[PDB]
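# The data below comprise the sequence and an experimental structure of the protein.
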Amino acid sequence: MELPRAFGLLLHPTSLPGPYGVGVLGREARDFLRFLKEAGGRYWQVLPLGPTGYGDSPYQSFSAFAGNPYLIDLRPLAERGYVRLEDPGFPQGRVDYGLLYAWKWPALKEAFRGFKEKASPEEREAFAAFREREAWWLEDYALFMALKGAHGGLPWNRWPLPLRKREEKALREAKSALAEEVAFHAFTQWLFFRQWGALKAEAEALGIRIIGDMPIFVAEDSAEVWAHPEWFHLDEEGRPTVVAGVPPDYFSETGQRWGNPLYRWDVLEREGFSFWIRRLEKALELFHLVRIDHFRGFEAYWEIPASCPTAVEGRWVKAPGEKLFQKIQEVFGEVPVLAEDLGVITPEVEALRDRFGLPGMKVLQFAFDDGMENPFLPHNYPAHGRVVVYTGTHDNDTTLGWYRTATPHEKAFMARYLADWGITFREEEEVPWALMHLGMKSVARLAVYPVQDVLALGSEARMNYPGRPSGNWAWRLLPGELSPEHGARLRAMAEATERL
């Protein structure tokens, strides 16, 4: 794809400021788009937007199609009398998921009750039309969530066998018995997609493109795995027989056992890769570009026997990446995908990526732990510049946080390297800006930075810390924290590096 020389910001919607404990698809989101526009940014990047479970990770969703109900702006609903919003006492600067779970779900349920009572014919009609258009994934998602609620939150493969194995009779009975719960979940979806569609329209009016994100592998406890057992390696009881992960290395002698179910690629191929085509079709209704986590998995993946508690017993298995993207290209006439290609990749992975002109990534926080050969250093980037450079992603600490724990060698080499590129700094809080400037001076067509770096925040603002059991995905902006001055500084930088 042809990427213009520009810049953007990374900010998950939950991090947006606003009342009621979590960022939503409303005015604050529009304020951010306006801020981005004033700053000269042309891209807004978010993390996966599906519904979340224990851990609150957007990369482990109950569905590969559904939208996150927590992102629904409840104000438009209250403004119609559908519900009476109450603040239990949400904190500032962070999402308290426990409190959000206990409070927002009931608020959404109360709003649905109010809706069925006061909703106008136009609204009732639109909601019905939506349920009908999206049935191909919505029926399964809505019933999945209704059954989960009726079975104490248990994962689908722990529900009674008739429901678990989707016996027609039992399934139809459950759907009737849970008609109201099913409708409610469909209601949260109609709202999510309606609000996201309006926000996407606002971004487009401001000349902004949205970069979406999705994990290559779906979650074990999700609607699509339950509904399409034939697409994954499961045993008759719904248990994965093999799981995703990565081989042991110089860090984890045990490697990483992610646990995600793996695709029966042969079955998918015979079906014209329908699952993926559909997944991308839906994603393209929300985003202009979509990144796919662990992109190398389309070339080959580390397959771990589910019985193994670690990733030591795995083996590399080839996937039909070539054939899948040939299909994606013919169906969508192009491939609007960004490849997450960090870590150790192979010449075949790089080959697949370039073959379809997919831009890869570069993370500046990883460029100074060795020498001038480090692929993350700007002078080593491809001359075609089809790559996206970040100071750090959602999985990294904020740049100031990173700097404070960096090795003496790292800190010294960074300063010297910056000096070579005509960049300097005085206080440590300036490092985030110095690195953002380095990225903008680079040949990378796109430079995307987390808002926390624009604010020069410390480790307390880190989005996610792989391996840490708590405090993840919780950071939030404060109202007005992003000032016109932050915007003007970004714009001046973009102008000087010709990214406007």
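Noted; the coordinates are in hand. Residues are numbered from 1 along each chain as shown.
# quick one, strands of the stretch 301-450 of the chain?
315-318, 337-339, 360-363, 387-390, 446-450 (DSSP state E, counting those that start in this stretch).
# Highest mean neighbour count out of these?
Most buried of the strands of the stretch 301-450 of the chain, by mean neighbour count (mean count of other C-beta atoms under 10 Å): strand 446-450, with a mean of 27. From N, CA and C alone the C-beta is placed, and that goes for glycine too.
# how far does it sit from the chain's center?
How far strand 446-450 lies from its chain's middle: 15 Å, per C-alpha atoms, centre = their mean, to the nearest Å.
# So what are the sheet partners of that strand and their directions?
Strand pairing for strand 446-450, determined by DSSP bridges: strand 6-10 (parallel), strand 387-390 (parallel).
# Quick check: most distant residue from the centroid of this protein.
residue 169 (36.4 Å; C-alpha atoms, centre = their mean).
# OK, contacts around that residue?
Counting by C-beta atoms under 8 Å, 6 or more residues apart in numbering, residue 169 makes contact with residue 162.
# Quickly note the distance from it to residue 296.
Separation of residue 169 from residue 296 (C-beta to C-beta, to the nearest Å): 43 Å.
# With residue 379 instead?
As judged by C-beta to C-beta, residue 379 and residue 296 stand 25 Å apart.
# same check, this time on residue 483
According to C-beta to C-beta, residue 483 stands 40 Å off from residue 296.
# Equivalent analysis for residue 249, please.
Residue 249 is 14 Å from residue 296, where distance means C-beta to C-beta.
# same question, residue 137
Relative to residue 296, and taking C-beta to C-beta, residue 137 is found at 27 Å.
# before we move on, the earlier item: can I get the strands of the stretch 301-450 of the chain in JSON lines including distance to residue 373?
Below are the strands of the stretch 301-450 of the chain laid out as JSON lines (distance: least, C-beta to C-beta, whole Å):
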{"stretch": "strand 315-318", "distance to residue 373": "26"}
{"stretch": "strand 337-339", "distance to residue 373": "22"}
{"stretch": "strand 360-363", "distance to residue 373": "14"}
{"stretch": "strand 387-390", "distance to residue 373": "17"}
{"stretch": "strand 446-450", "distance to residue 373": "22"}
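# ok so, going back, compare residue 137 and residue 296 (neighbour count), which wins?
Using other C-beta atoms under 10 Å as the criterion, residue 137 and residue 296 rank with residue 296 on top: 25 against 19.
# got a list of what the more buried one touches?
Listed by C-beta under 8 Å, 6+ apart, the contact set of residue 296 reads 341, 343, 345, 346, 349.
# and those, which are buried?
Neighbour counting with 16 or more other C-beta atoms under 10 Å marks 341, 345, 349 as buried within the contacts of residue 296.
# shouldn't residue 196 be in contact with residue 25?
Yes. Using C-beta atoms under 8 Å, residue 196 is in contact with residue 25, at 5.7 Å.
# Need the residues touching each of those two.
Common neighbours of residue 196 and residue 25, counting by C-beta under 8 Å, 6+ apart, are residue 71.
# Residue 100 looks like it's in a helix, true?
Yes. Assessed by DSSP: H, G, I helix; E, B strand; the rest coil, residue 100 belongs to a helix.
# what about it, how many residues close to it?
19.
# Please report how far it lies from residue 375.
Residue 100 is 39 Å from residue 375, by C-beta to C-beta.
# again, but for residue 2
Taking C-beta to C-beta, one finds residue 2 at 23 Å from residue 375.
# neighbour count winner among the two?
Set residue 2 next to residue 375 and count neighbours by other C-beta under 10 Å: residue 375 wins out with 12 against 6.
# Show me what the closest residue to that one other than its chain neighbours bridges to in the sheet.
Among residues not flanking residue 375 along the chain, residue 362 sits closest, at 7.4 Å (C-beta to C-beta, 6 or more residues apart in numbering). Beta-bridge pairing of residue 362 under DSSP bridges involves residue 389.
# who touches stretch 76-85?
20, 26, 74-75, 107, 110-112, 114-115, 118-119, 191, 195.
# okay, how far is it across it, tip to tip?
Using C-alpha to C-alpha, to the nearest Å, the end-to-end distance of stretch 76-85 comes to 11 Å.
# what do you get for stretch 439-446?
9 Å.
# Can you list the neighbours in contact with that stretch?
Residues contacting stretch 439-446 (C-beta under 8 Å, 6+ apart): 3-8, 43, 359, 362, 364, 378, 381-383, 385-391, 421, 423, 447, 449, 493-494, 496-497, 499.
# Show me which of these are buried.
For the contacts of stretch 439-446, buried by 16+ other C-beta under 10 Å: 3, 5-8, 43, 359, 362, 364, 378, 381, 386-391, 423, 447, 449, 493-494, 497, 499.
# And the helices in the stretch 201-350 of the chain?
Taking DSSP state H, counting those that start in this stretch as the criterion, the stretch 201-350 of the chain carries its helices at 223-227, 265-270, 274-286, 321-332, 347-355.
# Now find how far off-centre the first one is within its chain.
Read it as helix 223-227. Distance, centroid of helix 223-227 to centroid of chain: 20 Å (C-alpha atoms, centre = their mean).
# So which elements touch it?
On a contact count with 3 or more C-beta pairs under 8 Å, 6 or more residues apart in numbering; DSSP states H and E, helix 223-227 meets helix 135-150.
# How about the second one?
Here helix 265-270 is seen to pack against helix 274-286 when contacts are counted using 3+ C-beta pairs under 8 Å, 6+ apart.
# again, but for the third one
Applying 3+ C-beta pairs under 8 Å, 6+ apart, one finds that helix 274-286 makes contact with helix 135-150, helix 179-205, strand 209-215, helix 265-270, strand 289-293, helix 321-332.
# between that helix and helix 321-332, how big is the angle?
Computed by axes from the mean of the first three to the mean of the last three C-alpha atoms, to 10 degrees, the angle separating helix 274-286 from helix 321-332 equals 50 degrees.
# Give me the angle between helix 274-286 and helix 179-205.
Orientation check (the same axes, to 10 degrees): helix 274-286 against helix 179-205 gives 60 degrees.
# could you give the angle of helix 274-286 to helix 135-150?
The directions of helix 274-286 and helix 135-150 differ by 90 degrees, with the same axes, to 10 degrees as the criterion.
# Quick check: buried residues in helix 274-286?
Across helix 274-286, burial judged by 16+ other C-beta under 10 Å covers 275, 276, 277, 279, 280, 282, 283, 286.
# The residues you listed: which two are farthest apart?
275 and 286 (17.5 Å; C-beta to C-beta).
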